[PDB]
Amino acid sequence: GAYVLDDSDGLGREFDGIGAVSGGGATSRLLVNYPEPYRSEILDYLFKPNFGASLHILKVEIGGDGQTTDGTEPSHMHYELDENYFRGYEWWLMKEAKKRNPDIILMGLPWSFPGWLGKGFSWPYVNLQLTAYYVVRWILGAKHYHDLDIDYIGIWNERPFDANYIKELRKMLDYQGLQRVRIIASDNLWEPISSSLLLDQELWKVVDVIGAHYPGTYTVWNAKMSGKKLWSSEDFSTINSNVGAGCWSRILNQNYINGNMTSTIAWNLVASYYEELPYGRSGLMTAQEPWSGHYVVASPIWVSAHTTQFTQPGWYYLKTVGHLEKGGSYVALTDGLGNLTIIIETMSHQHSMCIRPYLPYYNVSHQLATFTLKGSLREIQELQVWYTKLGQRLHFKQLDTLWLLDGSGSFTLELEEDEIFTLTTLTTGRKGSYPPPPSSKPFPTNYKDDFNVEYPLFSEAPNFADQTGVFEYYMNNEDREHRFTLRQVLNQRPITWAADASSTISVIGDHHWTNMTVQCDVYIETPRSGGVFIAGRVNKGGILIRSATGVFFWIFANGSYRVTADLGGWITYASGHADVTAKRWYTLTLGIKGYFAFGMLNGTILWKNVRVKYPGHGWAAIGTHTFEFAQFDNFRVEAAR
């Protein structure tokens, strides 16, 4: 089989870049507290040009205080009249990406919204101008406080759009001088956004990109008819073993070949969240042990580099792309300056399945591929070669240059299965390398945080991964013993993306912990009705946080306590009266060992030898009975795995 690569009959679509998502939700949570140099090395593998994944696009969640898959992410407006552009870690992340690549493209998209935007309903389209005001303030703050230009704004992640909202968002953007910001919709399925654009000229004018999720490499006729740029604005979401690398390799090529999609964006950027949370280890690489510094440059990093190091937003695909006779595919791109990049993939069915969708079997076998360069491409006589074999494996290895000196403008490759080749005229490719990082280590079995940081770099203490509610460093000047605490700051349920719990909760530590003693000072702010807890063996979080079981030691401001097996509190281990009121500091201790637990109030036994389910394992946790203010101090955990 010969394959003509040519440009004399014109180009295909403009290539818009490869990127990844930080957010939906708290996927970068454990990255912020990596020590140096590791934290910076990780960021280089992701964003430094001509090094690792060298990503063209960074998309981040616009935190809305709700649970959005592996945690919550804090909003810039927790309450009406509240504005704070320094919470969370997406600002930091975007700035670190821009430091390494000042041409990186930036995107924001909400998953959840603060509850007050709903005006009494869990719905963000009650007051269109109010919701658009909220979103636009985020884009303004990105520029005013971090010198970040947000390139694209989305609507509501995998949730219904409102056409009047999209029009209001455009009008509000323009009113604030943000004409440069483009709109992508609707970050869900091809429909109903695609037909809506064909039926509504005014909507068509204000939507710049149709972004679909997990499209299985195909699009639909209405989207082609729109004439809009089509993007796989969220894809991948597969474990970053070699099979995830294969999935990513295949769809990177075939999203354009099969579906006219000129950008693909992987969820997620880096797996910096506890692996036992939903969809664990589904990032382009792995960085989930800030305590140890261990990170893994997983195969998808080098699959990315085969495209990103050798294309840039603003190149064009050739019209001459397609599938290989015996399985796999090729794309080809130029920059209009005489450069050419050819990206070939032979991913086998068995080693490249994504979680969404699963493809019916297709065959891949050994084959020869002849490539002939016609048009303006006949005059090139030299190609750098980069090669990857997935499976023991060889990653992003540079082979000896290929020469086309015989004037036939033609060359031939022997392809097997699960291979990637990049043939390019660019000489700038590099398999970036840092020395290996520390070995993997479990979460420390003795761990303490007194939260005594006067000017913290991030708005929350390290390693606490909020799963409902939002927990923050808090300074109380009018108190000496508890001047620096950790406070739960939501006072009403968000407009939720997930099924957030009815109680707030932040989990920490080692999911495999089975015997443990958790201690924490707690402070209930709401008189009469308020309540807090500490917990151990918490076995589920993320979008499953409502499912979490464990051992939960609750105290309440009405003078009572409960011990439950579930966060929902449907299953009782023990309960009784306790000398507990609001607005007083108490020390809670919870001991769990084998079949039995005990609890202490101020170092005095409140209950003991209470039988609990065993075997069982899970994180330690803190939280509050509803969406209510409460403070925590002097946290300690000793645990056995």
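Don't overthink the numbering: it's just position in the shown sequence, from 1.
In the other compared entries of this protein that model both flanking residues, residue 392 lacks coordinates in at least a third of them.
Per the record, residue 432 and residue 433 are directly connected, as no deposited residue between them is missing from the model. The PDB entry reports B-factors from which the mean C-alpha value can be compared for 95 to 103 and 357 to 365; the larger average falls on 357 to 365. Taking the PDB entry as given, 398 to 406 carries the higher mean Cα B factor of the two stretches 398 to 406 and 294 to 302. Within the group 108, 469, 336, 211, the record's highest C-alpha temperature factor is found at 336. Annotation for 264, 282, 491, 424: 424 ranks highest, by Cα B-factor. The deposited CA B-factor of residue 176 belongs to the lowest third of values across its chain.
Among all modelled residues in its chain, residue 575 ranks in the middle third by Cα B-factor. For residue 62, the recorded CA B-factor ranks within the lowest third of the chain. Only modelled residues enter the ranking. Ranked within its chain, residue 44 lands in the highest third, by CA B factor from the PDB record. Per-chain ranking of the deposited C-alpha B factor places residue 27 in the lowest third.
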